[PDB]
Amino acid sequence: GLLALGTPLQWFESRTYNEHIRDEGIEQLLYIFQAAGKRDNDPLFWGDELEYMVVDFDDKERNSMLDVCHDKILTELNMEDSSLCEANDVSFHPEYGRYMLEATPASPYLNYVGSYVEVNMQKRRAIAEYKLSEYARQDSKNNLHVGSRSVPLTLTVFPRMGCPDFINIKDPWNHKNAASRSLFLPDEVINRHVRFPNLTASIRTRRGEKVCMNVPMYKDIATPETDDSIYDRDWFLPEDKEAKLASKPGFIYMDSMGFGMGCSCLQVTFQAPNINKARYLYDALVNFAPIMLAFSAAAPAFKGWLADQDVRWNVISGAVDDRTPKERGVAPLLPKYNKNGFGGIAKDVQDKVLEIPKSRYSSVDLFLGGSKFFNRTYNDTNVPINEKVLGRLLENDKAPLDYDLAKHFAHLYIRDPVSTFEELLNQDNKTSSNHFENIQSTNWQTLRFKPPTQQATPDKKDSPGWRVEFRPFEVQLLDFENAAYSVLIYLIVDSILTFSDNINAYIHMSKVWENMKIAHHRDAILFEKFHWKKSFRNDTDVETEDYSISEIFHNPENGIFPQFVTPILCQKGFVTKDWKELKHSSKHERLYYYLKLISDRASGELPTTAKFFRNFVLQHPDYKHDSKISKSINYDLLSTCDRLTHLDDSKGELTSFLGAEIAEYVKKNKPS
């Protein structure tokens, strides 16, 4: 569906409600516990979300741009084409990008659904393409977008974001971009739902400096010493003068929310049998996140530069980092504007400000605990909390919480609201969870623990229960890939839920955070090592050693395959002892190829999308050995991507990306 309409409050106007919003949200959370805390036997309903970028291929000029003009597609698919969607069990939603689409199945899958995930993804893609060709026909007859061809591509990152000629709008700088005030992204990159410009404005104002994300540059033989795309400008104060102080030699400089939230990923949500199992699951997935981040890398470039990392994560992390310099333990870049480092924080609350170590978009901070292997000492990192929120979740007449669970909520609640409508200031806290969602939904982490609504009382069997979202996977080009990774997480989750008495996955959170930095490094999948529990079938044992991705997927003692995937496939009867027996299964041949794709990438036999893009740029005739992605490199790159997305081996590129065996396999067999 669409986000329903409202008037956003600008930050200066909204900040005087921070405490009102937090208070009432907590009350709502208490009502939700009171009402749904006792749900049980909830079934394993689950679903993926994909995010797409509509690219306008201008073949005559050899230029691929983001198409910021067919954005009505999201309204049409939710009005007069909504019946197309439902008949097809798909659903479409807006995302940050004006050029982005988000789409999910219309109903959750129930337990194992084989190839249906891929089938449902393809339908999402076909309905998008269909709508695009309808616009192409209308456009033609009104002489609009001549020589343009729009295609939706599931790219993690647009390699030419905020570079010249990257959006299909003539002369986008002939007016100002008051929302982001970016040097590089005109505000037309932003979806027109008021929420998105608003979040963009509030975070910038609250911070009192532009968001800033410095990404190490790939260091090739002729690479400039600095990011020579930086220029000086005079539209905005303090912002146009920040760049020279915020940038750093040998780093791509990014300065706007759309560089981050203008990226795409694959997200998967699961419903646990009840809250306790949801905690158990969420805790167990914590260290899988850095690992699947590295394993799925798809983002080797930003703002036109080959980067020295392969994932989006830290970029999205900085793109919505509302921490004032005081909050980050640092001097403002421009002290006469950012007054004492408190940016836009109210004068009457500066005394209560905290040094906070991590962006509101960052890895899980705390295990929730509550299961037999948990021990509070595994939460061994710096996690500031809202003491007031802790107190009240601890001591209240609706649903008093255990201290570990109270601490998680208390940590999420150290942030202010960054987007609030005036209509909605006063809600009925027994029926509404909108204020809790304000803060829940703007703490973006590697997982999300999702309480349900106050309507989900245990007798409502069909309501959503307690859920866990697995958020780190970079999105891939092919529906085949994205289905594989969706099923991978599915099997891992099912393994975790079926074997809960036996699987102890606890490790010290600090190792996980370290894992999150390693997962960024260029070619991490191919040689880096990550702290990984040495055994799972083992009460009290929280020892790790350092293992490559290959070992992490394949070690008998503690690998993803022999300890998660294979065991659940045995017990469901898909195989008698090994995941590879599936090559010969009648019912399950496709599951073998998903797993083989996963196994082969985890061991370096086949390349990540990030790798394949890095190679392509490096081996391009026009590449100038300087790390720059030209209009023309970007065009062929995305043309390749387009063919790949479509299983088109006419140039041997699918065979080069997937290898012969999988390439033939997917060309010769549609999902059913």
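In this text, residue numbers run from 1 along the sequence as written.
**Entry-level comparison of average CA B-factors, 39-47 and 617-625, reporting the higher stretch** = Result: 617-625.
**Request:** Look up the CA B-factors in the entry and say which stretch, 486-494 or 430-438, has the higher mean.
**Result:** Per the PDB record, 430-438.
**Prompt:** Based on what the PDB entry reports, which of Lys131, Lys529, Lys577, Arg279 has the top C-alpha B-factor?
**Reply:** Across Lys131, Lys529, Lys577, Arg279, the entry lists the biggest C-alpha B-factor for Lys577.
**Message:** According to the Cα B-factor stored in this entry, which of the following is highest: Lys123, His175, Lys511, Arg360?
**Reply:** Comparing C-alpha B-factors across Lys123, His175, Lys511, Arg360, the top value belongs to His175.
**Request:** Report the third (lowest, middle or highest) to which the CA temperature factor of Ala297 belongs, ranking only the modelled residues of the same chain.
**Result:** Lowest third.
**Asked** Lowest, middle or highest third: where is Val353 by Cα B-factor in its chain?
**Response** According to the entry, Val353 has a C-alpha B-factor in the chain's highest third.
**Request:** Among all modelled residues of this chain, ranked by Cα B factor, put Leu366 in the bottom, middle or top third, i.e. lowest, middle or highest.
**Result:** For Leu366, the deposited C-alpha B-factor lands in the lowest third.
**Request:** Within this chain's modelled residues, let me know which third the CA B factor of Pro197 belongs to: lowest, middle or highest.
**Result:** Highest third.
**Message:** Ranking every modelled residue in this chain by its Cα temperature factor as given in the entry, which third contains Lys339?
**Reply:** Within its chain, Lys339 is a highest-third residue by C-alpha B-factor, going by the deposited values.
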